[PDB]
Amino acid sequence: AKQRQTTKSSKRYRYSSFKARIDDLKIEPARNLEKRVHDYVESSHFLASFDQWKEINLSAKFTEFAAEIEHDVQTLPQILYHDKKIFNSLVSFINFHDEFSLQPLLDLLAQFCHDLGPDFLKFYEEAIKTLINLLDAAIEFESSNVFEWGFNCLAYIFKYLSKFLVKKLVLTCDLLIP
Amino acid sequence: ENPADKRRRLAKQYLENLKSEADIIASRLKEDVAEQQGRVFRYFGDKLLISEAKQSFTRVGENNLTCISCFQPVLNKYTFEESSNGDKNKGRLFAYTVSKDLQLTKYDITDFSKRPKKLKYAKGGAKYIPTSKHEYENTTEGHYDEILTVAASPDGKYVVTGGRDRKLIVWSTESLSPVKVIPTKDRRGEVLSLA
Amino acid sequence: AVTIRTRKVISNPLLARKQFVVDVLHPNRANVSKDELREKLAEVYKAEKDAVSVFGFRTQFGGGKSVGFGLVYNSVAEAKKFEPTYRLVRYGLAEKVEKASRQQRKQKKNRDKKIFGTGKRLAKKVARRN
Amino acid sequence: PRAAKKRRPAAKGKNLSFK
Amino acid sequence: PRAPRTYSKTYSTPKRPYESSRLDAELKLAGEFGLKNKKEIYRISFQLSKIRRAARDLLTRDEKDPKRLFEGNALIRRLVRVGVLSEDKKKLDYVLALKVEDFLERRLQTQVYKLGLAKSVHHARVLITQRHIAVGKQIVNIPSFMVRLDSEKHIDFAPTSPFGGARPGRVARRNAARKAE
Amino acid sequence: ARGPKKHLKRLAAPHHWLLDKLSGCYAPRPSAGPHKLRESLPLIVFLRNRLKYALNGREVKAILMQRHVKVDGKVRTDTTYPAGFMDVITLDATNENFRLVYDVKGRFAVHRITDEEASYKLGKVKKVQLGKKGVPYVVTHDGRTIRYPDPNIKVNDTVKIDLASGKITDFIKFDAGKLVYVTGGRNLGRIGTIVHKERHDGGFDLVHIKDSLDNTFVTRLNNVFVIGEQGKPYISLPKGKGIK
RNA sequence: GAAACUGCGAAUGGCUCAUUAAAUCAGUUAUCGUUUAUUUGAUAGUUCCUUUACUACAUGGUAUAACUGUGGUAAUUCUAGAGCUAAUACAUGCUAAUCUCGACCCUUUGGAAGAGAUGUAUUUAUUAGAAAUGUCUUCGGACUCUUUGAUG
Ligand SMILES: [Mg+2]
Ligand SMILES: [Mg+2]
Ligand SMILES: [Mg+2]
Ligand SMILES: [Mg+2]
Ligand SMILES: [Mg+2]
Ligand SMILES: [Mg+2]
């Protein structure tokens with residue numbers, strides 16, 4: 001408590017409390033310099049990440065989510081034409097608060113905003129509200145990974161919608177007051 | 001104006017075109033990706049009118065024309081640019097023909113009502129017989145035996161030919177100029193079909 | 001040219017990776033270095049080279065083909081966490097630990113066994129004695 | 001009761017060439 | 001310790017090796033098929049003896065017996081596959097009628113000689129041992145290789161061979177270089 | 001020997017594990033647990049030699065220490081934990097639920113099940129007795145001691161145990177015409193309906209079983225496991241339905 | 001995090017075939033003839049009982065190592081005297097409950113004046129361990145009786 005883990009042991013694996021992970025965690029996605037799948041795109045950011053997550057994650061909820069939305073994300077016009085249904089499904093599945101499936105869904109939500117930035121504005125209010133409930137839900141089941149995914153999703157949205165949110169920065173602040 | 005917005009603009013314009021053409025929009029988007037699913041999605045056989053077909057025959061000086069390959073630009077849904085090699089070739093349909101006369105010819109078939117129109121050609125002959133007599137040295141620019149086959153690259157940038165001269169020559173589309181020769185490196189490796 | 005194909009791809013969220021059999025066809029070449037394969041599988045799967053490991057390459061008799069195993073971790077941190085230490089050393093992600101040979105360490109262990117406690121008292125006693 | 005249905009493989013082979 | 005790895009002798013010395021007729025037989029077989037020593041003939045004889053003894057045991061058994069049907073069908077299938085037994089003699093009786101010459105004739109050396117890639121059985125052996133012959137996509141450097149019916153049509157010069165379209169061997173380019181200088 | 005042994009030779013290991021004879025010199029010795037040594041599948045073999053999720057023992061240890069593996073709804077970290085017959089192995093990360101049931105060949109099969117089916121297991125009632133303070137209890141084949149049982153439950157009957165609470169939801173009596181799974185001997189893995197139970201006082205009872213394909217075979221009562229009523233098993237069966 | 005105490009292991013592994021002629025060993029039985037670290041599953045509210053003159057918001061050295069310092073022996077994985085200090089070591093020792101009936105009211109989601117009952121562990125002795133075919137009722141149900149289990 002008084003002294004942090006300043007001197008590291010020779011052990012390769014060390015226990016870390018949930019609070020310990022949270023203290024070290026810092027939300028700044030630009031600081032991370034690992035390769036991003038969405039940097040390489042053939043059709044859209046959403047499809048590029050969506051294909052990757054299908055192959056890594058096998059959770060029950062994400063697999064069900066993929067089946068519903070697989071046919072409607074093959075091409076960027078398809079995403080734009082079907083933006084309403086995609087967003088509702090993303091919000092619906094994030095509401096389940098299933099830790100095994102949050103990481104792909106949250107990542108796709110941010111990339112979804114990337115594909116259609118100005119058009120995501122009509123979705124902006126609902127996305128922030130859903131994240132706030134998830135983070136408030138995240139308190140009861142302790143998982144530092146969940147917080148990192150949620151806030152990084154929040155940070156990404158600000159990055160893509162930087163121009164529009166800045167014009168009404170007070171409005172964005174008002175949502176995050178709680 | 002990051003690249004993501006550019007795709008959005010082209011997609012937005014593309015969707016507008018479909019709306020101008022026209023459920024229907026929702027369906028039409030599906031047929032765009034129907035190619036990825038390897039199943040029939042072009043049911044038009046009963047719509048064809050064979051009886052009214054406008055048939056025509058165009059004589060060619062070459063003897064025993066052996067094969068023909070046709071190139072058609074196609075719009076790329078992912079990026080929304082035509083497969084045409086250049087701006088001049090926007091929506092120009094080409095057909096390449098080869099014959100036992102060791103001559104490669106290209107024609108313009110864009111105008112359906114009009115007959116094919118020759119543009120350029122390249123002919124081989126005894127000049128191109130390899131001197132070395134070794135298979136890996138059969139790297140002459142032109143053909144010296146019967147050409148059997150020809151194929152047009154989907155990008156519209158290259159045309160490839162092969163025949164009994166056990167070589168695979170790839171030519172520039174506009175000018176039929178050779179750029180590479182790839183011997184099959186076999187005594188009986190006579191190319192019979194290209195796809 | 002040289003071709004790579006990944007087959008029998010199994011996703012392993014338990015270890016957070018993808019494990020597959022890598023087949024490399026390299027006509028007119030002796031064989032292909034592991035670092036190149038790491039670079040290129042990294043480009044393929046859209047992951048860091050640090051997160052890609054390859055091993056067990058055996059060239060087929062007669063040459064022209066090689067077969068081995070490959071792993072692609074979801075994140076470089078996961079690879080550092082789960083990979084063997086020696087493989088990390090091969091790729092430079094970890095530094096080789098310098099240690100004495102087994103005989104020297106064992107002899108030191110026996111010598112330390114013979115002495116009880118810190119031993120400074122023994123040192124001062126012998127210093128006084130002589 | 002029926003057993004759980006097998007899941008089609010999530011991952012598939014993939015290829016490139018260079019040089 | 002580690003569990004044993006089993007092994008078995010693949011040949012057996014004949015009963016009376018110094019029989020004059022036997023010596024002449026071995027001479028003729030080696031001359032025809034270019035065999036290196038008597039060990040190869042002994043090996044083929046031992047394999048044939050095993051096959052014929054198994055066929056004998058099966059024939060002794062009553063017809064329509066499960067063991068007879070199963071094992072005879074397997075043996076006929078294998079012998080047909082290797083090509084020794086033809087498609088129209090699929091009976092154990094013709095298995096008892098097999099001879100050493102059939103198995104010798106399926107050797108990759110003899111097949112290479114017959115197909116015309118070589119001018120003699122010894123030339124076929126030399127080509128095989130120098131890595132010039134490929135059965136399909138695989139280079140085979142073993143004269144005792146047994147060629148199946150399907151693999152028979154795929155025997156060819158290996159891509160890497162100087163005869164198969166690769167660059168000339170060291171001697172050829174050495175001579176070309178000195179001639180150039 | 002002067003005490004319990006702690007090593008197992010590969011050749012001495014159970015055959016049905018299908019362990020390579022040339023891989024090494026020793027095989028995983030199952031630790032003490034619910035199932036006997038010879039009728040158990042240690043988690044290392046299941047994770048490495050059956051599912052192939054791990055390539056070596058250290059990887060299996062790493063997987064287990066992550067607490068990704070649950071046995072009967074409880075997290076286990078022992079590499080040689082003796083999982084056995086009618087054991088439920090859950091891997092949440094892969095969304096996979098397995099039940100250990102022998103195949104017709106006689107080996108444990110990788111049988112995937114749904115969550116609803118994984119929520120329970122079946123246990124053969126090995127013993128019924130009154131404990132201290134006159135509390136009746138039943139001991140099953142997996143070493144589970146369950147108090148306050150139904151009086152009708154007797155030895156050789158099968159109890160459906162809910163993993164979450166470890167209580168008896170239902171039970172099936174041992175009687176002619178009941179569906180039965182063989183867990184021992186050469187007929188191990190077969191499935192059939194009871195026909196008759198031959199009772200010999202002071203000796204091993206014999207049970208005659210009849211398969212769907214009309215074949216009959218006799219097996220000792222100890223190798224019998226009642227799994228439901230004919231045509232209506234209480235657990236999803238593996239491919240082949242225990243035929244031949 | 002050296003050292004030391006504590007806990008566990010060291011009774012497994014490996015090697016050899018001296019002794020051994022119903023012995024070992026192979027197959028096959030039994031423990032209703034007994035011990036079993038460990039794993040796994042269950043399992044323990046005893047309210048009260050005069051010096052309450054009372055620690056449980058937590059007791060002692062009835063105690064030492066490591067450590068400081070003074071020494072013996074030619075010599076060892078030898079150790080003496082003195083001084084210190086810990087525990088999941090050693091030795092002590094506590095803190096307004098639950099359950100039967102239930103009169104009387106009240107007629108239920110009922111309240112309860114009151115009559116009663118109270119762990120384990122070891123040793124011995126003893127004990128247990130085997131024509132209600134009616135009546136009414138709302139047609140449901142109620143009225144009297146049952147009361148250990150297993151193995152051959
Ligand atoms: Mg060579
Ligand atoms: Mg008995
Ligand atoms: Mg004697
Ligand atoms: Mg005896
Ligand atoms: Mg222990
Ligand atoms: Mg003292």
# chains A, B, ... in the order shown; residues from 1 in each chain; ligands from 1
call {"tool": "residues_around", "arguments": {"residues": "stretch 130-136 of chain E", "least_positions_apart": "4", "cutoff": "6 Å", "atoms": "only C-alpha atoms (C1' of nucleotides)", "output": "list in words"}}
result
residues 140, 141, 154, 155, 156, 157, 158 and 161 of chain E
call {"tool": "write_last_selection", "arguments": {"atoms": "C-alpha atoms", "output": "JSON list (two decimals), in the first residue's frame"}}
result
[["chain", "number", "residue", "atom", "x", "y", "z"],
["E", 140, "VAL", "CA", 13.25, -41.05, -56.16],
["E", 141, "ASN", "CA", 16.87, -42.19, -55.78],
["E", 154, "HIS", "CA", 4.16, -40.35, -64.04],
["E", 155, "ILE", "CA", 7.78, -41.55, -64.20],
["E", 156, "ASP", "CA", 9.74, -38.74, -65.80],
["E", 157, "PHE", "CA", 12.89, -36.66, -65.57],
["E", 158, "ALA", "CA", 12.98, -34.54, -62.44],
["E", 161, "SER", "CA", 17.80, -32.72, -63.51]]
call {"tool": "residues_near_ligand", "arguments": {"ligand": "ligand 5", "cutoff": "12 Å", "atoms": "only C-alpha atoms (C1' of nucleotides) and all ligand atoms", "output": "PDB file with N, CA, C and O atoms (P, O5', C5', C4', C3', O3' and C1' of nucleotides), in the first residue's frame"}}
result
ATOM      1  N   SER F  31      -3.423 -37.947 -10.631  1.00  0.00           N
ATOM      2  CA  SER F  31      -3.447 -37.721  -9.200  1.00  0.00           C
ATOM      3  C   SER F  31      -4.710 -38.332  -8.605  1.00  0.00           C
ATOM      4  O   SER F  31      -5.638 -38.725  -9.316  1.00  0.00           O
ATOM      5  N   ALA F  32      -4.740 -38.422  -7.281  1.00  0.00           N
ATOM      6  CA  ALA F  32      -5.931 -38.922  -6.615  1.00  0.00           C
ATOM      7  C   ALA F  32      -7.108 -38.000  -6.904  1.00  0.00           C
ATOM      8  O   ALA F  32      -6.952 -36.789  -7.066  1.00  0.00           O
TER       9      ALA F  32
ATOM     10  P     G G   7       7.033 -28.018  11.460  1.00  0.00           P
ATOM     11  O5'   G G   7       6.436 -27.853   9.992  1.00  0.00           O
ATOM     12  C5'   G G   7       5.091 -27.440   9.803  1.00  0.00           C
ATOM     13  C4'   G G   7       4.668 -27.535   8.357  1.00  0.00           C
ATOM     14  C3'   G G   7       5.080 -28.792   7.612  1.00  0.00           C
ATOM     15  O3'   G G   7       4.259 -29.907   7.902  1.00  0.00           O
ATOM     16  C1'   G G   7       5.500 -26.903   6.263  1.00  0.00           C
ATOM     17  P     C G   8       4.817 -31.392   7.659  1.00  0.00           P
ATOM     18  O5'   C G   8       5.111 -31.437   6.097  1.00  0.00           O
ATOM     19  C5'   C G   8       4.047 -31.451   5.160  1.00  0.00           C
ATOM     20  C4'   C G   8       4.550 -31.426   3.739  1.00  0.00           C
ATOM     21  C3'   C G   8       5.432 -32.588   3.320  1.00  0.00           C
ATOM     22  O3'   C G   8       4.702 -33.765   3.028  1.00  0.00           O
ATOM     23  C1'   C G   8       6.393 -30.570   2.575  1.00  0.00           C
ATOM     24  P     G G   9       5.383 -35.203   3.232  1.00  0.00           P
ATOM     25  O5'   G G   9       6.547 -35.236   2.145  1.00  0.00           O
ATOM     26  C5'   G G   9       6.243 -35.214   0.758  1.00  0.00           C
ATOM     27  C4'   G G   9       7.482 -35.036  -0.082  1.00  0.00           C
ATOM     28  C3'   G G   9       8.569 -36.080   0.095  1.00  0.00           C
ATOM     29  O3'   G G   9       8.317 -37.262  -0.641  1.00  0.00           O
ATOM     30  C1'   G G   9       9.533 -33.923   0.120  1.00  0.00           C
ATOM     31  P     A G  37      -4.937 -40.427   5.680  1.00  0.00           P
ATOM     32  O5'   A G  37      -3.967 -39.179   5.511  1.00  0.00           O
ATOM     33  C5'   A G  37      -3.057 -38.832   6.543  1.00  0.00           C
ATOM     34  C4'   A G  37      -1.819 -38.169   5.997  1.00  0.00           C
ATOM     35  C3'   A G  37      -2.044 -37.116   4.927  1.00  0.00           C
ATOM     36  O3'   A G  37      -2.451 -35.865   5.449  1.00  0.00           O
ATOM     37  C1'   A G  37      -0.319 -38.561   4.239  1.00  0.00           C
ATOM     38  P     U G  38      -3.732 -35.118   4.828  1.00  0.00           P
ATOM     39  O5'   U G  38      -3.483 -35.179   3.257  1.00  0.00           O
ATOM     40  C5'   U G  38      -2.403 -34.472   2.666  1.00  0.00           C
ATOM     41  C4'   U G  38      -2.262 -34.796   1.201  1.00  0.00           C
ATOM     42  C3'   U G  38      -3.481 -34.507   0.345  1.00  0.00           C
ATOM     43  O3'   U G  38      -3.601 -33.139   0.003  1.00  0.00           O
ATOM     44  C1'   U G  38      -2.653 -36.655  -0.177  1.00  0.00           C
ATOM     45  P     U G  39      -5.048 -32.447  -0.059  1.00  0.00           P
ATOM     46  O5'   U G  39      -5.703 -33.066  -1.368  1.00  0.00           O
ATOM     47  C5'   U G  39      -5.083 -32.896  -2.632  1.00  0.00           C
ATOM     48  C4'   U G  39      -5.860 -33.580  -3.724  1.00  0.00           C
ATOM     49  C3'   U G  39      -7.348 -33.283  -3.764  1.00  0.00           C
ATOM     50  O3'   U G  39      -7.645 -32.050  -4.391  1.00  0.00           O
ATOM     51  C1'   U G  39      -7.000 -35.609  -3.983  1.00  0.00           C
TER      52        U G  39
END
call {"tool": "residues_near_ligand", "arguments": {"ligand": "ligand 6", "cutoff": "12 Å", "atoms": "only C-alpha atoms (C1' of nucleotides) and all ligand atoms", "output": "list in words"}}
result
residues 63, 64, 65, 80, 81, 82, 83, 84 and 85 of chain G
call {"tool": "write_last_selection", "arguments": {"atoms": "C-alpha atoms (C1' of nucleotides)", "output": "PDB file, in the first residue's frame"}}
result
ATOM      1  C1'   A G  63      11.585 -19.715  24.305  1.00  0.00           C
ATOM      2  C1'   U G  64      14.641 -20.250  20.949  1.00  0.00           C
ATOM      3  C1'   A G  65      17.056 -19.995  15.844  1.00  0.00           C
ATOM      4  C1'   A G  80      30.260 -24.224  24.369  1.00  0.00           C
ATOM      5  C1'   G G  81      29.117 -19.805  27.498  1.00  0.00           C
ATOM      6  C1'   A G  82      26.521 -14.931  27.537  1.00  0.00           C
ATOM      7  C1'   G G  83      22.903 -11.390  25.223  1.00  0.00           C
ATOM      8  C1'   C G  84      18.471 -10.527  21.789  1.00  0.00           C
ATOM      9  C1'   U G  85      13.696 -11.266  19.030  1.00  0.00           C
TER      10        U G  85
END
call {"tool": "residues_near_ligand", "arguments": {"ligand": "ligand 4", "cutoff": "12 Å", "atoms": "only C-alpha atoms (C1' of nucleotides) and all ligand atoms", "output": "VMD selection string"}}
result
chain G and resid 22 to 26
call {"tool": "write_last_selection", "arguments": {"atoms": "C-alpha atoms (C1' of nucleotides)", "output": "PDB file, in the first residue's frame"}}
result
ATOM      1  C1'   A G  22       4.486 -73.924  -2.552  1.00  0.00           C
ATOM      2  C1'   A G  23       8.761 -69.429  -1.285  1.00  0.00           C
ATOM      3  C1'   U G  24       8.623 -65.388  -4.963  1.00  0.00           C
ATOM      4  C1'   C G  25       5.608 -65.193  -9.214  1.00  0.00           C
ATOM      5  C1'   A G  26       0.926 -66.061 -12.899  1.00  0.00           C
TER       6        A G  26
END
call {"tool": "closest_atom_pairs", "arguments": {"of": "chain F", "to": "chain A", "cutoff": "7 Å", "atoms": "only C-alpha atoms", "output": "JSON lines"}}
result
{"residue": "F:93", "atom": "CA", "partner": "A:59", "partner_atom": "CA", "distance": 6.8}
{"residue": "F:94", "atom": "CA", "partner": "A:58", "partner_atom": "CA", "distance": 5.6}
{"residue": "F:95", "atom": "CA", "partner": "A:59", "partner_atom": "CA", "distance": 5.7}
call {"tool": "write_last_selection", "arguments": {"atoms": "N, CA, C and O atoms", "output": "PDB file, in the first residue's frame"}}
result
ATOM      1  N   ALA F  93     -13.774 -19.748 -22.762  1.00  0.00           N
ATOM      2  CA  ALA F  93     -13.147 -18.916 -23.782  1.00  0.00           C
ATOM      3  C   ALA F  93     -13.460 -19.427 -25.182  1.00  0.00           C
ATOM      4  O   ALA F  93     -13.705 -18.636 -26.099  1.00  0.00           O
ATOM      5  N   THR F  94     -13.453 -20.743 -25.367  1.00  0.00           N
ATOM      6  CA  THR F  94     -13.816 -21.343 -26.643  1.00  0.00           C
ATOM      7  C   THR F  94     -15.309 -21.606 -26.767  1.00  0.00           C
ATOM      8  O   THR F  94     -15.753 -22.050 -27.830  1.00  0.00           O
ATOM      9  N   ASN F  95     -16.092 -21.344 -25.721  1.00  0.00           N
ATOM     10  CA  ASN F  95     -17.524 -21.628 -25.741  1.00  0.00           C
ATOM     11  C   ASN F  95     -17.774 -23.111 -26.003  1.00  0.00           C
ATOM     12  O   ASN F  95     -18.652 -23.484 -26.782  1.00  0.00           O
TER      13      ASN F  95
END
call {"tool": "interface_residues", "arguments": {"of": "chain C", "to": "chain E", "cutoff": "10 Å", "atoms": "only C-alpha atoms", "output": "list in words"}}
result
residues 27, 28, 60, 61, 62, 63 and 64 of chain C
call {"tool": "residues_around", "arguments": {"residues": "stretch 88-104 of chain C", "least_positions_apart": "6", "cutoff": "9 Å", "atoms": "only C-alpha atoms (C1' of nucleotides)", "output": "VMD selection string"}}
result
chain C and resid 35 50 53 79 to 80
call {"tool": "write_last_selection", "arguments": {"atoms": "N, CA and C atoms", "output": "CSV table (one decimal), in the first residue's frame"}}
result
chain,number,residue,atom,x,y,z
C,35,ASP,N,13.2,-15.4,-40.4
C,35,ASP,CA,12.8,-14.0,-40.2
C,35,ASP,C,11.9,-13.5,-41.3
C,50,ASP,N,6.7,-9.3,-34.2
C,50,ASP,CA,7.1,-9.8,-32.8
C,50,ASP,C,6.1,-10.9,-32.4
C,53,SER,N,5.6,-16.4,-34.6
C,53,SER,CA,6.7,-17.4,-34.3
C,53,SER,C,6.5,-18.6,-35.3
C,79,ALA,N,2.2,-12.8,-26.8
C,79,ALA,CA,3.3,-13.6,-27.2
C,79,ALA,C,4.5,-13.6,-26.2
C,80,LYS,N,4.8,-12.4,-25.7
C,80,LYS,CA,5.9,-12.4,-24.6
C,80,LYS,C,5.4,-13.2,-23.4
call {"tool": "residues_around", "arguments": {"residues": "stretch 121-131 of chain A", "least_positions_apart": "3", "cutoff": "12 Å", "atoms": "only C-alpha atoms (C1' of nucleotides)", "output": "JSON, numbers by chain"}}
result
{"A": [83, 84, 85, 86, 87, 88, 89, 90, 91, 92, 93, 94, 95, 96, 97, 102, 105, 106, 109, 110, 112, 113, 114, 116, 117, 118, 134, 135, 136, 137, 138, 146, 147, 148, 149, 150, 151, 152, 153, 154, 155, 156, 157, 158, 160, 161, 162, 163, 164, 165, 168, 171, 172, 173, 174, 175, 176, 177, 178]}
call {"tool": "decode", "arguments": {"residues": "stretch 65-129 of chain C", "atoms": "C-alpha atoms", "output": "JSON list (two decimals), in the first residue's frame"}}
result
[["chain", "number", "residue", "atom", "x", "y", "z"],
["C", 65, "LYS", "CA", 9.25, -27.52, -50.49],
["C", 66, "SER", "CA", 9.35, -27.09, -46.72],
["C", 67, "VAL", "CA", 6.80, -27.76, -43.98],
["C", 68, "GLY", "CA", 6.61, -26.54, -40.40],
["C", 69, "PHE", "CA", 4.47, -25.05, -37.63],
["C", 70, "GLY", "CA", 3.53, -21.43, -37.09],
["C", 71, "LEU", "CA", 1.90, -19.41, -34.34],
["C", 72, "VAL", "CA", 0.38, -15.92, -34.55],
["C", 73, "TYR", "CA", -0.49, -14.32, -31.23],
["C", 74, "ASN", "CA", -3.33, -11.84, -30.81],
["C", 75, "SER", "CA", -0.95, -9.27, -29.30],
["C", 76, "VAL", "CA", 2.79, -8.91, -28.82],
["C", 77, "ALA", "CA", 2.27, -8.79, -25.06],
["C", 78, "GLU", "CA", 0.46, -12.13, -25.21],
["C", 79, "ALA", "CA", 3.35, -13.59, -27.20],
["C", 80, "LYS", "CA", 5.85, -12.37, -24.62],
["C", 81, "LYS", "CA", 3.64, -13.87, -21.92],
["C", 82, "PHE", "CA", 3.09, -17.35, -23.39],
["C", 83, "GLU", "CA", 6.05, -18.03, -25.68],
["C", 84, "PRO", "CA", 8.97, -20.21, -24.56],
["C", 85, "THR", "CA", 11.96, -18.24, -23.33],
["C", 86, "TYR", "CA", 14.32, -19.80, -25.87],
["C", 87, "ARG", "CA", 12.07, -18.90, -28.80],
["C", 88, "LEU", "CA", 11.86, -15.34, -27.48],
["C", 89, "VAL", "CA", 15.67, -15.31, -27.41],
["C", 90, "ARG", "CA", 15.80, -16.54, -31.02],
["C", 91, "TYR", "CA", 13.64, -13.63, -32.18],
["C", 92, "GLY", "CA", 15.46, -11.09, -30.00],
["C", 93, "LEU", "CA", 12.36, -10.30, -27.92],
["C", 94, "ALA", "CA", 14.26, -11.59, -24.86],
["C", 95, "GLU", "CA", 17.90, -11.50, -23.80],
["C", 96, "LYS", "CA", 19.87, -14.66, -23.13],
["C", 97, "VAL", "CA", 20.52, -15.13, -19.42],
["C", 98, "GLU", "CA", 24.21, -15.78, -18.75],
["C", 99, "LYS", "CA", 24.82, -18.56, -16.23],
["C", 100, "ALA", "CA", 27.64, -20.87, -15.26],
["C", 101, "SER", "CA", 27.74, -24.44, -16.50],
["C", 102, "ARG", "CA", 25.80, -27.07, -14.59],
["C", 103, "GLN", "CA", 28.90, -28.51, -12.93],
["C", 104, "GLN", "CA", 29.99, -25.13, -11.57],
["C", 105, "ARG", "CA", 26.55, -24.30, -10.18],
["C", 106, "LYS", "CA", 26.26, -27.73, -8.57],
["C", 107, "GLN", "CA", 29.70, -27.45, -6.97],
["C", 108, "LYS", "CA", 28.77, -24.02, -5.63],
["C", 109, "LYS", "CA", 25.52, -25.47, -4.28],
["C", 110, "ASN", "CA", 27.38, -28.21, -2.42],
["C", 111, "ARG", "CA", 29.92, -25.75, -1.01],
["C", 112, "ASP", "CA", 27.09, -23.51, 0.20],
["C", 113, "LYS", "CA", 25.41, -26.57, 1.70],
["C", 114, "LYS", "CA", 28.49, -27.30, 3.82],
["C", 115, "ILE", "CA", 28.30, -23.83, 5.43],
["C", 116, "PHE", "CA", 25.60, -23.06, 8.01],
["C", 117, "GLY", "CA", 24.19, -19.57, 8.34],
["C", 118, "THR", "CA", 25.63, -16.41, 6.86],
["C", 119, "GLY", "CA", 29.18, -17.51, 7.68],
["C", 120, "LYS", "CA", 30.61, -14.13, 8.68],
["C", 121, "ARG", "CA", 31.12, -15.53, 12.18],
["C", 122, "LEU", "CA", 33.18, -18.34, 10.67],
["C", 123, "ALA", "CA", 35.18, -15.76, 8.71],
["C", 124, "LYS", "CA", 36.02, -13.68, 11.78],
["C", 125, "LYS", "CA", 36.82, -16.81, 13.79],
["C", 126, "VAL", "CA", 39.29, -18.08, 11.19],
["C", 127, "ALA", "CA", 40.77, -14.59, 10.82],
["C", 128, "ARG", "CA", 41.41, -14.46, 14.57],
["C", 129, "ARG", "CA", 42.74, -18.03, 14.63]]
